[PDB]
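Worksheet: the structure to be examined is printed underneath.
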Amino acid sequence: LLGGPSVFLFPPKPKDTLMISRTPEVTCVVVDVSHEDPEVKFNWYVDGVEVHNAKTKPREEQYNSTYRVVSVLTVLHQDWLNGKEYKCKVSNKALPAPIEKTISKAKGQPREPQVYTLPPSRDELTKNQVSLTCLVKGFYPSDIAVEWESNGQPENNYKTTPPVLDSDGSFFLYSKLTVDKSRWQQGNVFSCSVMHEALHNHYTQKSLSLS
Amino acid sequence: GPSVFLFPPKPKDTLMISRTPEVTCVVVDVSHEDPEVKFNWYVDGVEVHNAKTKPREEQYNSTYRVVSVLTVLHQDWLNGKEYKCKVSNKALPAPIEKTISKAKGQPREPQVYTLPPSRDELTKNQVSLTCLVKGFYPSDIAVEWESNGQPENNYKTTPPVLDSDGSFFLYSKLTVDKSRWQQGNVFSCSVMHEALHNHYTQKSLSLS
Ligand SMILES: *[C@@H]1O[C@H](CO[C@@H]2O[C@@H](C)[C@@H](O)[C@@H](O)[C@@H]2O)[C@@H](O[C@@H]2O[C@H](CO)[C@@H](O[C@@H]3O[C@H](CO[C@H]4O[C@H](CO)[C@@H](O)[C@H](O)[C@@H]4O[C@@H]4O[C@H](CO)[C@@H](O)[C@H](O)[C@H]4NC(C)=O)[C@@H](O)[C@H](O[C@H]4O[C@H](CO)[C@@H](O)[C@H](O)[C@@H]4O[C@@H]4O[C@H](CO)[C@@H](O)[C@H](O)[C@H]4NC(C)=O)[C@@H]3O)[C@H](O)[C@H]2NC(C)=O)[C@H](O)[C@H]1NC(C)=O
Ligand SMILES: *[C@@H]1O[C@H](CO[C@@H]2O[C@@H](C)[C@@H](O)[C@@H](O)[C@@H]2O)[C@@H](O[C@@H]2O[C@H](CO)[C@@H](O[C@@H]3O[C@H](CO[C@H]4O[C@H](CO)[C@@H](O)[C@H](O)[C@@H]4O[C@@H]4O[C@H](CO)[C@@H](O)[C@H](O)[C@H]4NC(C)=O)[C@@H](O)[C@H](O[C@H]4O[C@H](CO)[C@@H](O)[C@H](O)[C@@H]4O[C@@H]4O[C@H](CO)[C@@H](O)[C@H](O)[C@H]4NC(C)=O)[C@@H]3O)[C@H](O)[C@H]2NC(C)=O)[C@H](O)[C@H]1NC(C)=O
Ligand SMILES: [Zn+2]
């Protein structure tokens, strides 16, 4: 067993913090836990105050002679968005000092996304499929969710870039929805929907159809 | 002990014969006691000798960073040769080897579409000019903006994104004062990619 345990601490998904009916979680994963001595303790802290409601799962033996152990802390939506810091401490007797990782929403003043839908380029109408573009810019923090739909139903064939840092410190991204050109030319309405903390009710939709 | 990371040349540098593409073998966490690192480089398993080791870069965390740089032939890289860097150091029981090469597969020509600012953005002081570059392979690409022969400073480009068909797309956003858009200035999105004729294409964007 040459080596030592490593800790990864994962944030909630952006959609989960923004919808009260969803369940946002912070997840602490410890890997390379000693095969011979796999007992691990977790301590969790929120703004440095210890909390006791995390759910720690049974350790899972890996194929490389190590264990992996996960502890899941359900967070309050408003705690996350109000910038509370979540600390996971992991102790193990084959480890000379506990390992601590901390995570929180990115620091800074939230900024409201501007959302702009862009039709296919005229050069594109040559093709059997066209691209409908959603530009979302000016937003902060980078935690965001983007989706497309038409007639109330989610569209399958879209891809969204990661947030990119802009020159003013805000973020932008684009979402591209691919549709059969026929669907565009018939005047079907498509909608880009954006979920972000700095939108009213955390959500806005911009629509797009043939002019 | 030390850790090795091997980096590919810049997309622009492999596509233009006058530019100098380099593969860079970076060694971190070399101790203060043994900054001595040896480098061997191979191209499809055959030793090459043109690598240059840059002077050791001392770091805040009590280690060195040592970099070896290998100039490559544009066509070797585009033809998919494997570049192997082997690193030997006293703090390493055995040498560490890393290999890098261009992504494998039939290259595919980027389609380049310029999109004007959304009508809703026209209430702003600055507007967004969009260049959609899609259907390309491999993901290595360079994108720049120009107007009246001259580079535009104020743009950001997304990384390549894997599309549903296994090609890549990205978007480039150039921001300009609304006045310049409204005045009929012509802006151009420049794309360099191996699958393009002469490795380069441009598309213009204007109010018109
Ligand atoms: C022995 O085996 C284990 C288990 O592996 C499994 O079994 C073996 C036998 C094989 O069969 C494996 O194929 C098999 O999977 C090995 O365990 C792995 O250990 C490595 C580290 O050595 C871990 O790598 C880290 O991975 C995370 C991302 O992890 C997510 O995504 C994985 C798929 O991409 C997925 O497999 C993971 O489970 C995990 O999934 C996420 O799970 C959360 C919680 O459940 C969930 O909510 C998410 O939705 C889900 N995500 C996805 C995509 O599914 C990665 O983040 C780590 O990167 C950080 O650390 C690096 C340094 O270690 C660094 O280089 C990176 O840049 C990055 O750094 C962080 O970056 C952020 C932002 O930039 C920054 O804020 C942070 O500060 C910074 N972190 C710091 C402080 O360093 C990292 O790459 C694997 O997750 C882990 N696998 C599993 C399954 O647990 C083990 O290595 C083997 N041991 C030996 C000796 O060989
Ligand atoms: C002591 O200090 C030094 C110096 O650190 C610097 O200063 C300190 C004070 C801090 O501020 C640091 O944050 C800061 O970096 C430390 O050295 C660092 O060591 C880490 C690992 O511990 C390295 O991490 C790797 O980074 C590469 C990316 O590296 C580029 O980007 C960085 C900025 O994002 C940049 O700082 C780097 O210099 C480098 O920049 C590039 O340089 C080349 C060459 O010149 C140039 O051509 C490029 O243009 C330039 N790019 C730029 C500017 O962006 C990252 O890719 C590595 O990830 C791989 O490996 C991880 C394992 O550690 C793994 O988790 C990842 O998933 C990923 O895995 C690989 O992925 C590839 C494809 O994705 C895949 O094929 C492989 O399977 C897989 N390989 C595996 C598993 O190994 C990795 O994160 C830092 O680069 C390095 N910093 C510098 C400047 O060298 C040192 O660690 C400190 N030690 C301590 C704490 O004691
Ligand atoms: Zn064992």
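All values below were derived from every heavy atom in this structure, side-chain atoms included, with hydrogens, water molecules and symmetry-related copies excluded. Below, chain A is the first sequence line, B the second, and so on; all start at residue 1.
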Inset, instruction - Evaluate whether atom CG of A:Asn53 has more than 12 neighbouring non-hydrogen atoms of other residues, nucleotides or ligands under 6.0 angstrom away. - result: yes
Inset, instruction - Check whether any side-chain heavy atom of A:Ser65 lies under 4.5 Å from a side-chain heavy atom of A:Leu1, and answer yes or no. - result: no
Inset, instruction - Specify the closest pair of heavy atoms between A:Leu177 and A:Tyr158, including all atoms of both residues, with the distance to one decimal. - result: CA-CB, 3.7 Å
Legend entry - Other residues, nucleotides, ligands: >12 heavy atoms within 6.0 Å of B:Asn148 CG: no
Inset, instruction - Determine, for A:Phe172 and B:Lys173, whether the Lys NZ or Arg CZ falls below 6.0 Å from the six-membered ring centre while staying within 45 degrees of the axis. - result: yes
Legend entry - A:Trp44: partners by side chain to side chain donor-acceptor pair (under 3.5 Å), with sequence neighbours left out: A:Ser71
Inset, instruction - Verify side-chain contact (heavy atoms from CB on, under 4.5 Å) between A:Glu197 and A:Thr17, making sure each step is shown before the conclusion. - result: CA-CA 9 Å; A:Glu197 58 156 301; A:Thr17 64; over 6 Å; no
Legend entry - Pairwise salt bridge (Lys or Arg N to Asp or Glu O under 4.0 Å) hits with a residue in residues 84-103 of chain A, at least two apart: A:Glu39-A:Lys93, A:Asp47-A:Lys84, A:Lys87-A:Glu100
Inset, instruction - Quick one: pull up CD in A:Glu149 and OG in A:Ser193 and give me the separation to the nearest 0.5 Å. - result: 5.5 Å
Legend entry - Flag for A:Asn157-B:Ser164: side-chain donor and acceptor within less than 3.5 Å: yes
Legend entry - Whether over 12 other heavy atoms sit under 6.0 Å from B:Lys38 NZ: no
Legend entry - Test log, rule side-chain contact (heavy atoms from CB on, under 4.5 Å), inputs B:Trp145 and B:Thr175: CA-CA 10 Å; B:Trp145 287 88; B:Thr175 294; over 6 Å; no
Legend entry - Exercise: identify the closest heavy-atom pair between B:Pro116 and B:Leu205: N-CD1, 3.7 Å
Legend entry - Candidates B:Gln183, B:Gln126, B:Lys124, B:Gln182 - the one meeting side chain to side chain donor-acceptor pair (under 3.5 Å) with B:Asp177: B:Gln126
Inset, instruction - Using the side-chain hydrogen bond (donor to acceptor under 3.5 Å, both in side chains) rule, take B:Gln202 and B:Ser188 through it: C-alpha gap first, then chi angles, then the decisive distance, then the call. - result: CA-CA 6 Å; B:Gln202 291 185 263; B:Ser188 181; 3.0 Å; yes
Legend entry - Donor-acceptor side-chain pairing of A:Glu124 and A:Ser131 below 3.5 angstrom: yes
Inset, instruction - Scan B:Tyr137, B:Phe136, B:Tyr200 and name whichever one has a ring-ring contact (aromatic ring centres under 6.0 Å, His included) with B:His193. - result: B:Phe136
Inset, instruction - State plainly whether the residues A:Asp168 and A:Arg111 are in salt-bridge range, i.e. N to O under 4.0 Å. - result: yes
Legend entry - Residue of the set A:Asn92, A:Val30, A:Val69, A:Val33 for which side chain to side chain contact (heavy atoms under 4.5 Å, CB included) holds with A:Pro38: A:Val33
Legend entry - A:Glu50: partners by side-chain contact (heavy atoms from CB on, under 4.5 Å), with sequence neighbours left out: A:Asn43, A:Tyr45, A:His52
Legend entry - Within residues 17-32 of chain B or reaching into it, pairs that qualify as side chain to side chain donor-acceptor pair (under 3.5 Å) - sequence neighbours excluded: B:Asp13-B:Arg19
Inset, instruction - Apply side chain to side chain donor-acceptor pair (under 3.5 Å) to B:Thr130 and list each qualifying residue two or more places apart in sequence or on a separate chain. - result: A:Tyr174
Legend entry - Those residues that, when tested against A:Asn64, pass side-chain contact (heavy atoms from CB on, under 4.5 Å) (two or more places apart): A:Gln62, A:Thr66
